[PDB]
Amino acid sequence: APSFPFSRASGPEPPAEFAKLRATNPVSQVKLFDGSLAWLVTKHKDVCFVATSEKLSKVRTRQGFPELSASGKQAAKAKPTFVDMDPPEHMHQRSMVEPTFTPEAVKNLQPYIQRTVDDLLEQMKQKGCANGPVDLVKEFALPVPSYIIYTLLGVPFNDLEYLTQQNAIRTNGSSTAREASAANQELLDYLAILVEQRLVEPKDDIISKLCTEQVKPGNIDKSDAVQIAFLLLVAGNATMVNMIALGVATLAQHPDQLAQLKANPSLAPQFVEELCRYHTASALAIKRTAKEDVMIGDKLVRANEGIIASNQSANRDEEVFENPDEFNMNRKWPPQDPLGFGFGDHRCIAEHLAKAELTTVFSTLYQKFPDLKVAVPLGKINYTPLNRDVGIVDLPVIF
Ligand code: HEM
């Protein structure tokens, strides 16, 4: 059994194994870092089954849960938030924070999202690139989602830049473990203080809603509110940063489609849909353990065996998406959902917010900067390490 996670085939490409497995052995065994074996599911239909089957569990203290690193094994010891819960606990806690992320709420947020993107683009304009390229990640891709989610949680404007840097340190590939865990403690300590404050004078933010509607009535306590706030911050932020940078790089690689977007900004939604299919930047979140024996394809998965469902592989499934390895914002979409945000009950709570941010970015960026160019040869783009989720570490641009 091959070791898993697989390495990406190159900078922007998925692991090459997935295409072979889809064709010859779609439900197969892989070897995890601790020697244990898990089942790997690669076809769109089977990923959807894994994501919805009531016979499978996300509870991480169940025998066989497929942890992919040693830190995940110890993170499994902590008290769980709703990301690691089964029904009915899952929606009991998820419903406490879902109101901010509904399509209606995200529609109401659109002026603020547009203003945030406009402000940061104008700052980058004023900085200029008269002395060399600027890093689009540091200058724009990182603060756009960070400022938004921090503002939704309740962080005051003056604290945004420091906390944005701390969160980036958490996941930066060149941070030592000491730097990353210090940054992590920094975020937890700040959130605990913000919870104490909003308990005393609530404002109009997510943390205040939790304090008023759940902590004070006693449905959760203040340490749960901290954990839920932290999850909403760290679950999707680095992914958003990567999707923004990957979109710019992808457009630089497909000049004809960038030209269409420049001439019709209203194609931004369709570009975003294809971006989230093609670049599946969170590919290791759909993990389960079997509560009972379960059959998937021609394989029997025994109770207490672990399953990993690759939504990355499913988004390249030739049986669902015609020419899946071509980037084509003008593709015709089949009835089946792309799985960039997962599927079923656990499907990304922030799907609508994430798409609205991405759509705002790509309907605006090239109207503001019509001559935006990646400043290094496209073959020299600094992608994340091949053993990680696809992403871009830095992206020098001129404009
Ligand atoms: C392009 C950006 C993003 C992508 C591609 C993405 C992708 C995903 C995926 C694949 C999952 C697993 C869903 C499943 O188990 O079926 C997920 C879950 C989740 N994501 Fe996102 N995400 C993004 C942005 C965000 C943001 C901005 C936030 C928070 C504000 C967020 C918070 C969460 C949470 C809390 C979950 C757990 C949902 C649950 O188990 O109920 N994500 N996301």
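With the working numbering as the guide, the letters of the sequence shown map in order to residues 347 to 745.
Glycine residues also receive a C-beta, built at the ideal position from the N, C-alpha and C atoms.
At a cut-off of 6 Å, the beta-carbon of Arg-524 does not count as near ligand 1: no heavy atom of the ligand is closer than that. Within the region 374-398, the complete beta strand (DSSP E) segments of 3 residues or longer fall at 383-387, listed in chain order.
A straight-line Cα-Cα distance of about 17 Å links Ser-399 and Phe-687. Relative to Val-443, the option among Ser-353, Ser-374, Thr-558 whose CA is nearest is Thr-558. According to the DSSP secondary-structure assignment, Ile-744 is paired through a beta bridge with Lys-719. Using a cutoff of 6 Å, the CB of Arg-693 counts as near ligand 1, since one of the ligand's heavy atoms is closer than that. A direct Cα-Cα distance of roughly 45 Å separates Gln-713 from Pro-412. DSSP links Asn-728 through a beta bridge to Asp-740. The three-state reading of DSSP puts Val-501 in coil, since its state is none of H, G, I, E or B. Inter-residue distance for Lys-562 and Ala-526 is about 33 Å (C-alpha atoms, whole angstroms).
Listed as beta-bridge partners of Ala-655 by DSSP are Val-387. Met-641 is bridged by DSSP to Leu-646. A direct Cα-Cα distance of roughly 19 Å separates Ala-362 from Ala-631. In this chain, the alpha helix (DSSP H) harbouring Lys-714 covers 697-714. In the three-state reduction of the DSSP assignment, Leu-685 falls in the coil class, being assigned neither a helical nor a strand state. Distance from the CA of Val-707 to the CA of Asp-639, rounded to the nearest whole angstrom, comes to 45 Å. Taking all protein chains shown into account, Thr-626 has 16 or more neighbouring C-beta atoms within 10 Å of its C-beta and is therefore buried. Secondary structure at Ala-636: strand, using DSSP grouped into helix, strand and coil.
Counting only unbroken stretches of 4 or more residues, the alpha helix (DSSP H) elements lying wholly within the region 431-462 are 435-443, in sequence order. In the DSSP annotation of this structure, the continuous segment of the alpha helix (DSSP H) that includes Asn-513 starts and ends at 506-517. By the neighbour-count criterion, in which a residue is buried when 16 or more other Cβ atoms sit within 10 angstroms of its Cβ, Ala-476 is exposed. Of the residues assessed, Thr-448 falls on the exposed side of the cut-off, its CB having fewer than 16 other CB atoms within 10 angstroms.
Distance from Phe-689 to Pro-680 at the Cβ level is roughly 15 Å; contact not present, criterion being Cβ atoms closer than 8 Å. Counting C-beta atoms within 10 angstroms of its own C-beta, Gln-439 has 16 or more neighbours from the protein chains shown and is therefore classed as buried. Pairing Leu-646 with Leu-455, the inter-Cα distance amounts to about 46 Å.
Per DSSP, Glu-400 is not a residue of any alpha helix (DSSP H), being assigned neither H nor E. At the C-beta level, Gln-573 and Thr-427 come within 7 Å of one another. Around the C-beta of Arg-524, fewer than 16 other C-beta atoms lie within 10 Å, and the residue is accordingly described as exposed. The beta carbon of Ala-575 sits closer than 6 Å to those of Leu-499, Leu-537, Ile-553, all from its chain and outside the five residues before and after it, given in chain order. Its chain contains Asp-432, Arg-634, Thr-635, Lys-637 as the residues whose beta carbon lies nearer than 7 Å to that of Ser-403, once the 5 sequence neighbours on both sides are disregarded; these appear in chain order. The way I'd put it, the region 467-487 doesn't touch the region 503-512; fewer than three beta-carbon pairs between them come closer than 8 Å.
As DSSP reads the structure, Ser-349 sits in a beta bridge with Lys-377. Not one heavy atom of ligand 1 falls within 6 Å of the beta-carbon of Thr-388.
Of the other Cβ atoms in all chains shown, fewer than 16 fall within 10 Å of the Cβ of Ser-356; this residue is therefore exposed. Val-373 places its beta carbon less than 7 Å from that of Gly-643.
Minimum Cα-Cα distance from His-698 among the listed residues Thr-462, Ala-655, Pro-445 corresponds to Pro-445.
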